[PDB]
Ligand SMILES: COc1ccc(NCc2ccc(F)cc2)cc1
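Just one chain follows, in the form solved without the named molecule, and it is written as structure tokens.
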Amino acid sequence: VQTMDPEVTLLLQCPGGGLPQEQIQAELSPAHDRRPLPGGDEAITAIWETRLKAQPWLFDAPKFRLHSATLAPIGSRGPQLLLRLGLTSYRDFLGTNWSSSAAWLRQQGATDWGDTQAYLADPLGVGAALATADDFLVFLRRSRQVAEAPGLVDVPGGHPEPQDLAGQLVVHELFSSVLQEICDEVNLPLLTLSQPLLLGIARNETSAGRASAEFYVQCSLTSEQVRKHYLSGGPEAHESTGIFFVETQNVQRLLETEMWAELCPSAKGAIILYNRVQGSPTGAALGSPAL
């Protein structure tokens, strides 16, 4: 499903209102992993060592890989969504998605396996349309020290990391990770946050199609209280350089403004899915039983 702004495409769009954790299953399997490059993965090793010469402190972290997502039959007795996930890493991401030869990898991939992403790490990111009690969406200015989308506008992010029921632990890890990041980066108490709702999955084409799962999260605080909580942490309590707010009523028309050029690809996917899927009621995160 192609959207406007060619930086962004939609892999998954959930039905209206979004989907809760309880209606989602995950399948985590080696069959969902990246395919070994044509040929040899030491090309990844070469890039990793070429970087790391310039930045010796770089560390490789494990990530979930998105292979595919399938919506179930409308109003069915099973889960409404199945996520097929593999394992990948930051090292493989730098060596494939962000490598110069990334364009070569997608063509050879769709040729060989009939899937452009077959030779790409495709780590699954997470993002959130965080809505305030007085109906604003929260945005964050990225610090200029980052190589990816420097100085641009973002939404609260995250990165889940790997640790029947196995699939539910993964589903749980994904949903928990967006709450954990909102608390850490925006400095909000967990009590003030609703249970997240998945809105869909968007692909960043500037990243050669890395997907990001986009969630809706409601905050019981007003836009003024959030800002205070954010600032009260001080410059070192968050890795963004500042926060601001846009009325939910103005979010739909937002792409007319000069702000859209400020937004990073991930945040765009979040806004687009928010406008299309919209929100629905959920209770306090603390009121839901943890697994």
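So that there is no doubt, residue numbering starts at 1 and follows the sequence shown.
Not pictured, yet referred to below: the form solved in complex with the named molecule.
> How about residue 94: is it within 4.5 Å of the named molecule in the bound PDB entry, going by heavy atoms?
Output for residue 94 is yes: heavy atoms within 4.5 Å of the named molecule.
> Do residue 35 and the named molecule come within 4.5 Å of each other in the bound PDB entry, heavy atoms counted?
Result no; residue 35 lies far from the named molecule in the bound PDB entry.
> Quick one: does residue 104 come within 4.5 Å of the named molecule in the bound PDB entry, counting heavy atoms only?
Outside the cut-off, so no.
> Taking heavy atoms only, is residue 98 within 4.5 angstroms of the named molecule in the bound PDB entry?
Contact check for residue 98: yes, within 4.5 Å of the named molecule in the bound PDB entry.
> In the bound PDB entry, which of 164-172, 192-200, 143-151, 216-224 comes within 4.5 Å of the named molecule (heavy atoms)?
Partner-contacting stretch among the options: 143-151.
> Could you list which residues of 49-69 come within 4.5 Å of the named molecule in the bound PDB entry, counting heavy atoms only?
51, 63 sit within 4.5 Å of the partner.
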